[PDB]
Structure formats: structure tokens, C-alpha cells
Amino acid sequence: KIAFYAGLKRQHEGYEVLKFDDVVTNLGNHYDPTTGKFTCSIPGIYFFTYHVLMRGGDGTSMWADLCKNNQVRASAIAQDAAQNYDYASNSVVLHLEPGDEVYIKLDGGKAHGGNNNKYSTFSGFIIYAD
């Protein structure tokens, strides 16, 4: 059984892997909140989704991408000229091999820190094992 769901506790900005450290579900423990990465243990087909809230009142654009190892597999942008809150979100279905790492990377801009409120999230589960 492999499934996880975590939220973002602190605010972040720039270009870095987002560490979702407010962990709600983590079956099998293959999501690591100290690195922000999900690591595949079983070859198969996996679903992931993310929702990253842009910081309000400071900046107009924010990008957040889902990566597999060193390769972008989904991109998203949040943008508002009045510096309002908005989301960068996307969802994927991916085949993974053991050792593959999946994570969300900020690609510019400012993300909201939601302490325990879980405004910004990352989740996933296996659909099929090879």
C-alpha cells in the first residue's frame, strides 16, 4: 500500500524543491518531508497532484512544477496583477521505476506558508504495480 498527503507549513520563494512538512498520510513512508521527495519502491503507475498557493500582497507571478528526477512532467503558473492569492496546481499519471524521485519545485515567485492550515498540498498513490 502506497499513498501520501502533506501540506506546506512555511513560506518559500525562488527556485527550490518544496518541502511539504505537514504530513497527514504517508503509507509505507516513501514520502520524505525533510527532502520533499517521494521515492518509488515498486515499478508501476502512480497518480500525483499538487496545489501551491501564491503569496498574496507581494508579487504577481509564481511557478510550480512537478518533476520526475531531473525532468519536468507538469508545469503550473499562478498570476495576478493586483497581487491577489491564486493557485499553481496540476495532476499527473506517471510510470515510475524503483529509485525514481517525484517532487514539486518552485520555478520562480513566492509561495504561501500555511502553518497547519494546509493551503498548499502534495499527494499521490500507486494505481498499478507492474
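Each residue number is its position in the shown sequence, starting from 1.
In this entry, 56-64 shows the higher mean Cα temperature factor of the pair 97-105 and 56-64.
Legend: mean Cα B-factor per stretch from the PDB entry, 33-41 versus 71-79; the higher mean is in 33-41.
For residue 84, the recorded CA B-factor ranks within the highest third of the chain. Only modelled residues enter the ranking. Residue 120: CA B factor in the lowest third of modelled residues in this chain (values from the PDB entry). Split the chain's modelled residues into thirds by C-alpha temperature factor. Residue 2 is in the middle one.
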